[PDB]
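Protein chains in written order, with the entry's author numbering: chain A, 8 to 248; chain C, 8 to 248; chain Y, 8 to 248; chain S, 8 to 248.
Number of protein chains: 4
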Amino acid sequence: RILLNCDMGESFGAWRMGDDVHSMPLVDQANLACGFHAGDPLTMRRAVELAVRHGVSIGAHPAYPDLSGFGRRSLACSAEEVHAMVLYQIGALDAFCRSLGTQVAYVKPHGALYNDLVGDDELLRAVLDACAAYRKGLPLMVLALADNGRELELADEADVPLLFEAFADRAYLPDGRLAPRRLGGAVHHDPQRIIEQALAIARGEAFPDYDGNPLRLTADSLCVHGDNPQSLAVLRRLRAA
Amino acid sequence: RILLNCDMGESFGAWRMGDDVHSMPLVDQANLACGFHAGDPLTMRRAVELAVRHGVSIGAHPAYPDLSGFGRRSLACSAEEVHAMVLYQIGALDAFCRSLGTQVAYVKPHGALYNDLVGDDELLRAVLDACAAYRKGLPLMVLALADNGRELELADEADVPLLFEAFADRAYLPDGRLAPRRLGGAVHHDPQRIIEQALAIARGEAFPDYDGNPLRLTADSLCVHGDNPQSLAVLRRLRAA
Amino acid sequence: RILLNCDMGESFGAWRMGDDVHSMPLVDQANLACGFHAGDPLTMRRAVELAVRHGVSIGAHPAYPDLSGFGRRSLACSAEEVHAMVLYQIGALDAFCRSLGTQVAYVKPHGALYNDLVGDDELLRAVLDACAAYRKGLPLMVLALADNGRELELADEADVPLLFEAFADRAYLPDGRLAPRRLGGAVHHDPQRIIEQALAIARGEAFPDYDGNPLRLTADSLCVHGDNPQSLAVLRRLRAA
Amino acid sequence: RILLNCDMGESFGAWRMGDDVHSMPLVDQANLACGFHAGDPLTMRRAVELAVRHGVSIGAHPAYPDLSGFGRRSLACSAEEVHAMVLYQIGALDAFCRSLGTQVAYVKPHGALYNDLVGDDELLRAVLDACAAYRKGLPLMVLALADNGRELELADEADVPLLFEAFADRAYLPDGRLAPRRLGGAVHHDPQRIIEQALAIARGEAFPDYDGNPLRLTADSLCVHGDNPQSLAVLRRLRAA
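Okay, structure coming up:
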């Protein structure tokens, strides 16, 4: 039923992020960095080889140009700037994919860019259009909400398929958005809390939001973070299914 | 007969380099930056649109990762690092090309990378292999010499076509290499000197090297720099032909 | 009476910004880049030598880390991140100042950072505290408004002197803020409009805002941009006085 | 007798390098990154607070501008470029030191820059002069050799004190240089080998070089790498003394 995704290839130079070798065999979808928040060219090659080696679907994980902030800070870019930096990043990653006989299978924006799309029509249009410009049929992954009507409508105008994503290890606000990271309790560090939220989403059942009040979602893809070490050491919830 | 090339799309953010709008209509080949020495994504889009608009053939102009040095400083990278950063840059530029119904037609390394290939077999192999990995038939542009036997042999092993390039506005050393920029007289600022060197190459006739001694070359492509303002204001030597 | 300021040392690597050699002798205050939006170390050395050579007061011109955006895009940083990046940049520039027998005489934030301080108490506190941490008495330059009561109060808490700045070549909104650059008419390109706005400020007289309605300011410092070529070719309004 | 040094504050954004919290209490000297190979401003603040908290002497650890290469790749910069980037980095770090009531106590170049000084008089002169320009008495740390006559002479011309450094966890070539990292066996991963080499240096006794042949050194400072996990888990050789 629901697919597991995970942000990977987020190492950079001599610095390691996550634990891609462990997480790759457990997920369906690898959202790989494209050098703007992480993932230098050699790291990118390695992330793709590792994904290819485990049969995992590769998404482009593009970000704002902000290495020191890990692409988790909103940067007030024009739609024109965003279109071009998405296109650039998709093509850079796809170069490695094709040398390894595969291709970029979807796009999942990283960090503040991903969250800025939830409230900004002009940025989502720009991102959708970059996807369509690159390849007919290339899906964009966006935040599942109770009502995804705005996203469905814009995706229709651009003729881009959408993948609706939910999160196992992030606290949700009442309004359907994710709790900002600049605030305690935004990431779940209780493994049992992560498992329960994940399975509530998998089943379309209510789960506790940030304030412990019930929130209901259904999603095509479920994100688990390799950054988060508890979400790592509990990742064998693939077996729960 | 001989094709004119020129390094373009080398602006970056708010900073302008060259004069692409003037130089583009006068050349056959536009070597476009890929974001490592110059050419942010929006600049890249613009350089491609401008090239497309004038019927000019687009080459990828990849460099070492060195913005503050404009990619003109040798960086001791591994062959593995170089392979990946070339592949990355070709794919980033090609994303813009295909959105505009064309494609990257060749590769010309920029700056120190280009010159480091003249003496380093392992780097040239890595660069040749990146070209082959990206697309069957994608040529690499290299420095024309009296004897290009080493390059022909490695290109044959990789099955990559070669384009032999000479320079109108750079002083040559007796040994066939270009005079390093960290030394006066390395760039011609006498327009008449530029025209004469260009036409000596176009005709396969001898021209004065760095020390005024005669050097003979024949080449498939002739580089003129838009950086260099005299080489710009003398660029209507296209008409000389 | 009123001092002229100008953003300078904003070249970066091989790229030139402004025309520092012309503008430096005409101004009282040189707001020098610190490597985050512009101004690599060698450019910084050169900007300081040029300022020293003309008797001009040197300010640190710190920005968000955003080279491709020229520091003109708001980046959602924490107060902690902003404090540290200001301190870093002041110390980097001051290293060159002291090697040349002078010192950083004030701080003027660049780009989106400068404008984000007008509405964000927590960022202004962080910036004020970086100034105080670096040196007792080091002034911060901020946007002159009709009422500067919020800034005076926070500056008092930090015990940092304030310099109130107005702009000759930027259109003002009715509310006292500058018109965002992502909107036509934000920069004056009519030289006569620039001269008139400058002298209205110099005299404390009303001038036309963005919508041509009158706005009154008095300021300790008047900014003229070397980016802006009309504001450059009209800069001999120093003589108007 | 001999002082222990260790490269620290080499984390960058969300990426962690080393284990500064463990290594700081065991060393005499903390060589802190300055943002060119590692160490963003907030990481720098943290490294300084941690050093201050444990009574450790703080050195500036400046590098070539090369984040993706961790400053371990030689970059052909001019002496002028190197002078300025050293000065810049010393001043950036010193800003944090002084806000915490201390100061930069010496300079140790990082990565390829450090090794390039061993063979390049013009770069060592430029680096020595940056030290002297910043502060009278600020020592430069350089590679201890059998004969340090070239370094002593240039340091004398610049009137900069020298600290002679040896390495516990790096293999030495017969000629006194360190084995390049682009070659197996360059870093010791045998803890006992590290302890023995360290104590041979501490005592001025011979130890096995890269080829197992004896090499004799005496040094003022002994480097142990927090990068290297075996050199970390054997760092309680401070107690050996």
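All residues carry an ideal CB built from backbone N, CA and C; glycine is no exception.
Where residue 14/A is concerned, there is no enclosing alpha helix (DSSP H), although the beta strand (DSSP E) around it starts and stops at 10-15. Residue range 86-106 is occupied by the alpha helix (DSSP H) that includes residue 104/S, with no beta strand (DSSP E) assigned at that position.
At a cut-off of 8 Å, the C-beta of residue 102/A has a neighbouring C-beta in chain C.
Three or more Cβ pairs closer than 8 Å define a contact, and the segment 36-43 of chain Y falls short of that threshold against the segment 38-45 of chain C. In the three-state scheme derived from DSSP, where H, G and I count as helix and E and B as strand, residue 138/A is classed as helix. Counting C-beta pairs closer than 8 Å gives three or more between the segment 79-94 of chain A and the segment 118-129 of chain A, which meets the contact rule. By the 16-neighbour rule on beta-carbons within 10 angstroms, residue 116/A is buried. Remark: C-beta atoms of residue 186/Y and residue 180/Y approach each other more closely than 8 Å. Note that the C-beta distance between residue 75/C and residue 20/Y is below 8 Å. Runs of the alpha helix (DSSP H) lying entirely within the segment 137-166 of chain C and spanning at least 4 residues, in chain order: 156-165. Residue 220/C is classed as exposed because its beta carbon has fewer than 16 other beta carbons within 10 Å across all chains shown.
Counting along the chain, residue 238/Y sits inside the alpha helix (DSSP H) bounded by residues 236-240. The Cβ atoms of residue 31/C and residue 22/Y do not sit closer than 8 Å to each other. With distances taken between CA atoms, residue 112/A lies nearest to 146/A out of 243/A, 85/A, 88/A and 146/A. What residue 119/C touches in chain S, judged by beta-carbon distance under 8 Å, is 83, going in chain order. Per DSSP, reduced to three states, the secondary structure at residue 224/Y is coil, with no helix or strand assignment. Of the residues 161/C, 125/C, 188/C and 9/C, the one whose Cα lies closest to the Cα of residue 153/C is 125/C.
Contact annotation: the segment 190-206 of chain A touches the segment 221-237 of chain A, with at least three C-beta pairs closer than 8 Å. Residues of chain S whose Cβ lies closer than 8 Å to the Cβ of residue 243/C do not exist, since the nearest Cβ in that chain is about 35 Å away.
For residue 36/S, the uninterrupted beta strand (DSSP E) segment begins and ends at 36-40. If you draw a straight line from the Cα of residue 17/C to the Cα of residue 60/S, it comes to about 47 Å. In this structure, DSSP gives residue 172/Y an extended state, which the three-state scheme calls strand.
Residue 36/A and residue 66/A do touch by the CB rule: their CB atoms are close to 6 Å apart, below 8 Å.
Residues of chain S whose Cβ lies closer than 7 Å to the Cβ of residue 47/A are, in chain order, 75.
Around the beta carbon of residue 90/C, a 10 Å sphere encloses 16 or more other beta carbons of the protein chains shown; the residue is thus reported as buried. Bridge partners of residue 229/S according to DSSP: 11/S and 173/S. The shortest CA-to-CA distance from residue 27/S to any of 48/S, 56/S and 225/S is the one to 56/S. Residues 129, 130, 132 and 133 of the same chain have their beta carbon placed closer than 8 Å to that of residue 86/S, with the five preceding and five following residues left out of the count. Nearest Cα to residue 107/C within the set 210/C, 218/C and 63/C: 63/C. Between the C-alpha atoms of residue 230/Y and residue 171/Y there is a straight-line separation of about 11 Å.
Between the alpha carbons of residue 244/C and residue 150/C lies a distance of about 21 Å. Pairing residue 33/A with residue 206/A gives a Cβ-Cβ distance that is not under 8 Å. For residue 15/A, same chain residues with a beta-carbon under 7 Å away, outside a window of 5 residues either side, are 25, 27, 30, 31, 37, 38, 39, 54 and 233 in chain order.
With respect to the 8 Å criterion, residue 202/Y and residue 247/Y are classified as neighbours on the basis of their beta carbons. Near chain A, meaning a CB-to-CB distance below 9 Å, the residues of the segment 188-214 of chain Y are 189. The C-beta of residue 80/Y comes closer than 8 Å to at least one C-beta of chain A.
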